[PDB]
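Trainee: Sharing query-v1.txt (compact mmCIF, C-alpha atoms and all ligand atoms) below.
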```txt
# COMPACT_ATOMS: atom_id res chain seq x y z
CA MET A 1 8.62 12.44 13.01
CA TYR A 2 8.67 16.19 13.91
CA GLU A 3 7.74 17.45 17.41
CA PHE A 4 7.04 21.10 18.37
CA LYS A 5 4.61 23.43 20.24
CA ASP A 6 1.79 25.35 18.48
CA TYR A 7 0.63 29.01 18.89
CA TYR A 8 -1.34 28.11 22.09
CA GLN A 9 1.67 26.06 23.43
CA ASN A 10 -0.02 22.65 22.75
CA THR A 11 2.30 19.83 21.59
CA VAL A 12 2.07 18.85 17.88
CA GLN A 13 3.49 15.60 16.37
CA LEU A 14 4.01 15.81 12.57
CA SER A 15 4.65 12.82 10.24
CA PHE A 16 4.74 12.29 6.44
CA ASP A 17 4.11 8.49 6.54
CA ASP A 18 0.73 6.87 5.60
CA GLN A 19 -1.69 7.45 8.58
CA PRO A 20 0.68 6.55 11.52
CA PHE A 21 -1.35 8.22 14.34
CA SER A 22 -4.93 7.12 13.47
CA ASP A 23 -6.68 4.74 11.01
CA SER A 24 -9.70 7.12 10.86
CA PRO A 25 -8.80 10.86 11.26
CA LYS A 26 -11.70 13.16 12.26
CA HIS A 27 -10.05 16.34 10.83
CA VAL A 28 -8.54 17.36 7.43
CA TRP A 29 -6.26 20.20 6.20
CA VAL A 30 -5.89 21.06 2.49
CA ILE A 31 -2.96 23.08 1.05
CA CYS A 32 -4.41 24.61 -2.14
CA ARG A 33 -2.57 25.98 -5.19
CA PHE A 34 -4.43 27.79 -8.04
CA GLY A 35 -1.97 28.41 -10.88
CA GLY A 36 1.01 30.25 -9.41
CA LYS A 37 -0.96 31.43 -6.33
CA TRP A 38 -1.91 29.96 -2.92
CA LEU A 39 -5.64 29.42 -2.36
CA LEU A 40 -6.74 30.32 1.17
CA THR A 41 -10.05 30.95 2.95
CA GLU A 42 -10.93 33.66 5.49
CA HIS A 43 -12.48 32.14 8.63
CA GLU A 44 -14.91 34.65 10.26
CA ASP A 45 -13.35 34.07 13.75
CA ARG A 46 -9.77 32.84 12.98
CA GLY A 47 -8.77 34.72 9.80
CA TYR A 48 -6.70 33.62 6.75
CA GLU A 49 -6.00 29.84 6.58
CA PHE A 50 -5.81 26.92 4.11
CA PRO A 51 -9.20 25.09 3.69
CA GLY A 52 -10.05 22.25 6.08
CA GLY A 53 -12.43 20.98 8.76
CA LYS A 54 -14.21 18.03 10.44
CA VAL A 55 -14.85 14.63 8.75
CA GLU A 56 -18.58 13.66 8.51
CA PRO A 57 -19.63 10.18 9.91
CA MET A 58 -20.62 8.52 6.57
CA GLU A 59 -17.70 10.37 4.84
CA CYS A 60 -13.96 9.48 4.61
CA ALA A 61 -10.92 11.86 5.00
CA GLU A 62 -10.32 12.14 1.19
CA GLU A 63 -14.01 12.97 0.44
CA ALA A 64 -14.07 15.43 3.41
CA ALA A 65 -11.00 17.25 1.96
CA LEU A 66 -12.77 17.81 -1.43
CA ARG A 67 -16.01 18.89 0.37
CA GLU A 68 -14.19 21.42 2.66
CA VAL A 69 -12.35 22.99 -0.35
CA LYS A 70 -15.69 23.44 -2.26
CA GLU A 71 -17.48 24.82 0.86
CA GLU A 72 -14.76 27.32 1.96
CA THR A 73 -13.39 28.53 -1.44
CA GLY A 74 -15.90 27.40 -4.12
CA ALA A 75 -12.98 25.68 -5.88
CA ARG A 76 -12.95 22.65 -8.22
CA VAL A 77 -10.07 20.25 -7.43
CA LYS A 78 -7.98 19.01 -10.43
CA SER A 79 -5.96 16.50 -8.28
CA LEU A 80 -5.92 15.67 -4.52
CA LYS A 81 -2.82 14.03 -2.97
CA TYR A 82 -2.12 12.86 0.62
CA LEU A 83 0.94 14.65 2.10
CA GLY A 84 1.01 13.68 5.79
CA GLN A 85 -0.74 13.52 9.16
CA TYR A 86 -0.47 15.46 12.44
CA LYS A 87 -1.60 14.89 16.03
CA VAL A 88 -2.51 17.86 18.28
CA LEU A 89 -1.97 17.06 21.98
CA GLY A 90 -4.53 19.45 23.50
CA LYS A 91 -5.48 20.30 27.11
CA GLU A 92 -8.82 18.37 27.01
CA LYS A 93 -8.90 16.56 23.60
CA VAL A 94 -6.40 14.93 21.18
CA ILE A 95 -7.11 15.46 17.46
CA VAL A 96 -5.70 13.72 14.35
CA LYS A 97 -5.50 15.93 11.21
CA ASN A 98 -4.72 14.66 7.67
CA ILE A 99 -2.74 16.96 5.32
CA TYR A 100 -3.71 17.00 1.63
CA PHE A 101 -2.29 18.92 -1.32
CA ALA A 102 -4.77 20.12 -3.94
CA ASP A 103 -4.07 21.55 -7.40
CA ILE A 104 -7.03 23.83 -8.22
CA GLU A 105 -8.60 23.77 -11.72
CA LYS A 106 -11.14 26.64 -11.25
CA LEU A 107 -12.95 28.88 -8.69
CA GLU A 108 -16.77 28.86 -9.12
CA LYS A 109 -19.05 31.48 -7.53
CA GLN A 110 -21.29 30.36 -4.61
CA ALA A 111 -24.22 32.08 -2.84
CA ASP A 112 -22.73 31.18 0.60
CA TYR A 113 -19.22 30.26 1.84
CA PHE A 114 -20.66 28.71 5.08
CA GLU A 115 -18.54 29.51 8.22
CA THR A 116 -15.94 31.40 6.06
CA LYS A 117 -15.84 34.69 4.05
CA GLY A 118 -14.74 32.92 0.85
CA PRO A 119 -11.60 32.46 -1.31
CA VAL A 120 -8.42 34.54 -0.78
CA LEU A 121 -5.50 34.41 -3.26
CA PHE A 122 -1.83 34.89 -2.25
CA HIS A 123 1.05 35.09 -4.81
CA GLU A 124 3.34 34.25 -1.81
CA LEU A 125 2.75 33.93 1.99
CA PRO A 126 3.53 37.13 4.04
CA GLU A 127 6.45 37.59 6.50
CA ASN A 128 6.09 36.55 9.28
CA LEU A 129 2.84 34.53 9.77
CA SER A 130 3.29 33.96 13.56
CA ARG A 131 2.71 37.68 14.40
CA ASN A 132 0.13 38.46 11.66
CA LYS A 133 -3.28 39.16 13.34
CA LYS A 134 -5.12 38.60 9.99
CA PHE A 135 -3.95 34.92 9.91
CA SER A 136 -5.31 31.87 11.79
CA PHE A 137 -3.29 30.22 14.63
CA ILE A 138 -3.18 26.93 12.58
CA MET A 139 -0.90 28.76 10.05
CA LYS A 140 1.37 30.17 12.84
CA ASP A 141 3.10 26.94 14.03
CA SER A 142 5.69 24.64 12.33
CA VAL A 143 3.04 22.48 10.49
CA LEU A 144 2.96 24.94 7.52
CA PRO A 145 6.76 25.62 6.88
CA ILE A 146 7.67 21.87 7.17
CA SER A 147 4.72 20.81 4.90
CA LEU A 148 5.65 23.49 2.27
CA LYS A 149 9.32 22.32 2.34
CA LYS A 150 8.10 18.71 1.73
CA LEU A 151 5.98 19.92 -1.26
CA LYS A 152 9.11 21.50 -2.88
CA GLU A 153 11.25 18.34 -2.28
CA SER A 154 8.55 16.03 -3.77
CA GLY A 155 8.27 18.19 -6.93
CA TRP A 156 4.53 18.86 -6.42
CA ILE A 157 5.03 22.70 -6.51
CA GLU A 158 7.02 24.77 -9.10
MG MG B 1 -13.56 24.27 8.37
MG MG B 2 -15.87 24.16 6.64
```
In structure tokens, write the structure found in this file.
Mentor:
Amino acid sequence: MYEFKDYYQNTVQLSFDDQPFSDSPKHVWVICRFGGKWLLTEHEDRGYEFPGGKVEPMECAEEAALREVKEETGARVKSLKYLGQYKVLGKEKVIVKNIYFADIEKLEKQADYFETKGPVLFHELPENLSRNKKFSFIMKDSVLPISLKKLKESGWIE
């Protein structure tokens, strides 16, 4: 497993094995690709980030991933695949977040994008994310570059 510190200096433990940290993760993160572009969402408080959020009680992590993509980008998922899992060792709470990769079929218009501004398309990620004020802190640590490198090696992208 990979171990590093996030943007707010909290310890993060990253793994690509099947749910090693928790049997039932309460958070999900979805890396979205629409054609040859990256599908992101603009959080009203955080900024540009890949879709994700909290898992509902009656809902499972896979169903929560599809729901969060639809809510934050208005996108229809063609295929959803589990990539890995990460644990965030916070100051007051420890969270377990599942990473999913989603190939996007289409973007449908919605009346409301909930707690986000809606879908944002990127041909390629800017340089460098860590010091970009328009981006969310969740995109600023090592979770994103390591996950993207694992997507290339698996043959899921390009
Ligand atoms: Mg969310
Ligand atoms: Mg949401």
Trainee: One number please: CA of residue 139 in chain A to CA of residue 18 in chain A, in Å, one decimal.
Mentor: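 Computed distance, CA of residue 139 in chain A to CA of residue 18 in chain A, equals 22.4 Å.
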Trainee: Hey, can you check how far CA of residue 148 in chain A sits from CA of residue 77 in chain A?
Mentor: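 These two atoms are separated by 18.8 Å.
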Trainee: What's around residue 41 in chain A at 9 Å? Count all atoms listed in the file, leave out sequence neighbours fewer than 4 positions away in its own chain, and write the answer as a PDB file with C-alpha atoms, keeping the file's coordinate frame.
Mentor:
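Saved to result_30.pdb:
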```
ATOM      1  CA  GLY A  47      -8.770  34.720   9.800  1.00  0.00           C
ATOM      2  CA  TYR A  48      -6.700  33.620   6.750  1.00  0.00           C
ATOM      3  CA  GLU A  49      -6.000  29.840   6.580  1.00  0.00           C
ATOM      4  CA  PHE A  50      -5.810  26.920   4.110  1.00  0.00           C
ATOM      5  CA  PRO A  51      -9.200  25.090   3.690  1.00  0.00           C
ATOM      6  CA  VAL A  69     -12.350  22.990  -0.350  1.00  0.00           C
ATOM      7  CA  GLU A  72     -14.760  27.320   1.960  1.00  0.00           C
ATOM      8  CA  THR A  73     -13.390  28.530  -1.440  1.00  0.00           C
ATOM      9  CA  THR A 116     -15.940  31.400   6.060  1.00  0.00           C
ATOM     10  CA  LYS A 117     -15.840  34.690   4.050  1.00  0.00           C
ATOM     11  CA  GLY A 118     -14.740  32.920   0.850  1.00  0.00           C
ATOM     12  CA  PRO A 119     -11.600  32.460  -1.310  1.00  0.00           C
ATOM     13  CA  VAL A 120      -8.420  34.540  -0.780  1.00  0.00           C
ATOM     14  CA  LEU A 121      -5.500  34.410  -3.260  1.00  0.00           C
TER      15      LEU A 121
END
```
Trainee: With the cut-off set at 10 Å and counting all atoms listed in the file, tabulate each residue of chain A with an atom at most that distance from an atom of ligand MG 2 (chain B), showing the nearest atom pair and its distance in Å to one decimal, ordered by chain and increasing number, as CSV.
Mentor:
```
residue,atom,partner,partner_atom,distance
A:41,CA,B:MG2,MG,9.7
A:43,CA,B:MG2,MG,8.9
A:51,CA,B:MG2,MG,7.4
A:52,CA,B:MG2,MG,6.2
A:53,CA,B:MG2,MG,5.1
A:54,CA,B:MG2,MG,7.4
A:55,CA,B:MG2,MG,9.8
A:64,CA,B:MG2,MG,9.5
A:65,CA,B:MG2,MG,9.7
A:67,CA,B:MG2,MG,8.2
A:68,CA,B:MG2,MG,5.1
A:69,CA,B:MG2,MG,7.9
A:70,CA,B:MG2,MG,8.9
A:71,CA,B:MG2,MG,6.0
A:72,CA,B:MG2,MG,5.8
A:73,CA,B:MG2,MG,9.5
A:113,CA,B:MG2,MG,8.5
A:114,CA,B:MG2,MG,6.8
A:115,CA,B:MG2,MG,6.2
A:116,CA,B:MG2,MG,7.3
```
Trainee: Please identify all polymer residues within 7 Å of residue 102 in chain A, counting all atoms listed in the file, omitting same-chain residues fewer than 2 positions from it, and present them as JSON, numbers by chain.
Mentor: {"A": [30, 31, 32, 33, 77, 79, 80, 81, 100, 104]}
Trainee: Take CA of residue 75 in chain A and CA of residue 98 in chain A and report the distance between them in Å, one decimal.
Mentor: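 Atom-to-atom, CA of residue 75 in chain A to CA of residue 98 in chain A, that is 19.3 Å.
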Trainee: Quick one: everything within 8 Å of range 83-97 of chain A, counting all atoms listed in the file, minus sequence neighbours fewer than 6 positions away in the same chain. Send it as a PyMOL selection string.
Mentor: chain A and resi 10-22+25-29+147
Trainee: Could you dump the residues just selected with C-alpha atoms as a PDB file, in the frame of the given file?
Mentor:
```pdb
ATOM      1  CA  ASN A  10      -0.020  22.650  22.750  1.00  0.00           C
ATOM      2  CA  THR A  11       2.300  19.830  21.590  1.00  0.00           C
ATOM      3  CA  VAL A  12       2.070  18.850  17.880  1.00  0.00           C
ATOM      4  CA  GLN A  13       3.490  15.600  16.370  1.00  0.00           C
ATOM      5  CA  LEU A  14       4.010  15.810  12.570  1.00  0.00           C
ATOM      6  CA  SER A  15       4.650  12.820  10.240  1.00  0.00           C
ATOM      7  CA  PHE A  16       4.740  12.290   6.440  1.00  0.00           C
ATOM      8  CA  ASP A  17       4.110   8.490   6.540  1.00  0.00           C
ATOM      9  CA  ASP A  18       0.730   6.870   5.600  1.00  0.00           C
ATOM     10  CA  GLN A  19      -1.690   7.450   8.580  1.00  0.00           C
ATOM     11  CA  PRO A  20       0.680   6.550  11.520  1.00  0.00           C
ATOM     12  CA  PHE A  21      -1.350   8.220  14.340  1.00  0.00           C
ATOM     13  CA  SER A  22      -4.930   7.120  13.470  1.00  0.00           C
ATOM     14  CA  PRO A  25      -8.800  10.860  11.260  1.00  0.00           C
ATOM     15  CA  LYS A  26     -11.700  13.160  12.260  1.00  0.00           C
ATOM     16  CA  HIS A  27     -10.050  16.340  10.830  1.00  0.00           C
ATOM     17  CA  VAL A  28      -8.540  17.360   7.430  1.00  0.00           C
ATOM     18  CA  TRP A  29      -6.260  20.200   6.200  1.00  0.00           C
ATOM     19  CA  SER A 147       4.720  20.810   4.900  1.00  0.00           C
TER      20      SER A 147
END
```
Trainee: Assuming 8 Å of padding per side, give the centre and edge lengths of the axis-aligned box around every listed atom of range 88-91 of chain A, in Å to one decimal and as AutoDock Vina command-line options.
Mentor:
```
--center_x -3.7 --center_y 18.7 --center_z 22.7 --size_x 19.5 --size_y 19.2 --size_z 24.8
```
